[PDB]
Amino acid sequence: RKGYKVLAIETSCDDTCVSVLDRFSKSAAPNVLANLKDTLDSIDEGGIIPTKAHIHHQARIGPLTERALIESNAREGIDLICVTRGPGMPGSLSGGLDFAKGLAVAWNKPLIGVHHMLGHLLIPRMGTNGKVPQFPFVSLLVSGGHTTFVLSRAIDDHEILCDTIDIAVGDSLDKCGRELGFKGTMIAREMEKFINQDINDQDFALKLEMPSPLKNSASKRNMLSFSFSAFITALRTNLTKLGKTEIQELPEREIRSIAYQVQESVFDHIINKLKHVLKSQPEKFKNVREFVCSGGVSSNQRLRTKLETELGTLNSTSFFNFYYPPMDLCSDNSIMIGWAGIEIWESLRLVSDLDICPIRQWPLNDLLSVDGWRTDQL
């Protein structure tokens, strides 16, 4: 008696995700037997057929777990089912959840309904079986669909510090990018490359005016907040001063200058609120030597540099160990959910009840405040 396998389902987002983990030693990272992600945008490019997310998951979760089980050769083998319970569109959630319930009942095996974000949080620990980073740590999630700063004290205890009020970073970046006629799968990945290439070049006379909501450095309300929806409007009007119309016949020298400044400012804003948080509550961060930057936009170098430079020498004699997962794990996927559930199962010895329905809005601090949880055995 040693080793268990885990079937993990993620459906909070646009992409249906299924994975299988062989948790062969409680001493070692699990091995990934199967990792399937069938996206809403992957049936569109070579598709021109636009589907609705809850229907996408409904249609793809069956064949996907079927494929996964075959690839993994593990149908008669799963021990735990983990599944994203919230937060998200409760249609898209019920897709995965009600299905995951099917597996569990059919197999007579435990189900864990997991916090989407706890996945993002806990993923950079899978690599080392939860030795790095050790709690407490802080984690900046920066995806197309979240932008949040989170102190994590224990597995059963997490506090959101700073959080967006409008859209997420990647969204607004992608949006700015698309207004400059980028089209790609990841619009802002493309726009970094663009800036990267011809640096000592771009019209240094172009100095557009972008904001960075520093009011929280004066009129402080109730919680601290990121905010990105202001950027695309600020771009448009700066265009509407100097050639919005020129959209097209600007040089492949200038367009690469609107880019770097749009990026710089929006990364300035994050750094601004990050600064304003650590400054104001040194007590909480006293005890933490590690900083995670997971999510999509983790993989930006300009950001990574700013983070390492403009923070990790401001908390006095407590540099930060920055850890950046592979964006192999940073995008939504069902692996994080699997890992997160191994951590719950092992460390709390909790599972979910079969009556758990989805949770539209699920504050991370309410992780175990909600019903569903029961102790496993002892």
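So that there is no doubt, residue numbering starts at 1 and follows the sequence shown.
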query: So which stretch wins on mean C-alpha B-factor, 308-316 or 41-49?
result: 41-49
field: Of 341-349 and 327-335, the one with larger mean CA B-factor
entry: 327-335
task: Please pick out which of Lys101, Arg256, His158, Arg85 has the largest Cα B-factor as recorded in the entry.
output: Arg256
field: Top Cα B factor in the deposited entry, candidates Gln263, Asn272, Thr148, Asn108
entry: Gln263
statement: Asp79: CA temperature factor from the record, placed by chain third, in the lowest
query: Can you tell me which third, lowest, middle or highest, the CA B-factor of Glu71 falls into for its chain?
result: lowest
task: Taking the chain's C-alpha temperature factors as the reference, tell me which third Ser229 falls into: lowest, middle or highest.
output: middle
- prompt: Is the Cα B-factor recorded for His276 in the lowest, middle or highest third of its chain?
  reply: middle
- request: Would you mind ranking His116 by its C-alpha B-factor against the rest of the chain and naming the third, lowest, middle or highest?
  value: lowest
